[PDB]
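Right, one structure below, let's go through it.
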Amino acid sequence: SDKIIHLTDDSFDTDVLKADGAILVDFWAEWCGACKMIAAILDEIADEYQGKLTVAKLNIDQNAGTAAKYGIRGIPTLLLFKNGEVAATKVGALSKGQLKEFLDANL
Ligand SMILES: [Cu+2]
Ligand code: NA
């Protein structure tokens, strides 16, 4: 958790939309096994991709407005942002290797 930004409705524009470089945002909530599945995977990816990628989480129960703005329809959903825009979407739990494949394809 040392390299993961916790985003909110109030920080999203500064932390994500105005940020430099690609930002991977995990839309998640409690009572979601698949969300838990990717939590440790995200710490690993944040470390291995440091300097090329920023990793962040947005809890959709705590920040419903932002979840609605990006049309979250299931959790977890990973949105990859570049320059304030959604570059790519990955729905559901996946392995570390699968997440690396998604990132490498879109970076
Ligand atoms: Cu950490
Ligand atoms: Na998908």
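Just so we're aligned, residue 1 is where the sequence shown starts under our numbering, counting upward by one. A virtual CB, placed ideally from N, CA and C, is assigned to each residue, including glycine.
- Not one heavy atom of ligand 1 lies closer than 7 Å to the C-beta of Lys52.
- Annotation: the continuous beta strand (DSSP E) that includes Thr89 extends over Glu85 to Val91.
- Per DSSP, the beta-bridge partners of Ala22 are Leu53.
- By the C-beta criterion, the region 63 to 80 is judged to be in contact with the region 28 to 40, since at least 3 inter-stretch pairs fall below 8 Å.
- Straight-line spacing of the CA atoms in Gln98 and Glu48 works out to 14 Å.
- As a beta-bridge residue in DSSP terms, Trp28 pairs with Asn59.
- With respect to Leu24, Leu80 sits close: the two C-beta atoms are nearer than 8 Å.
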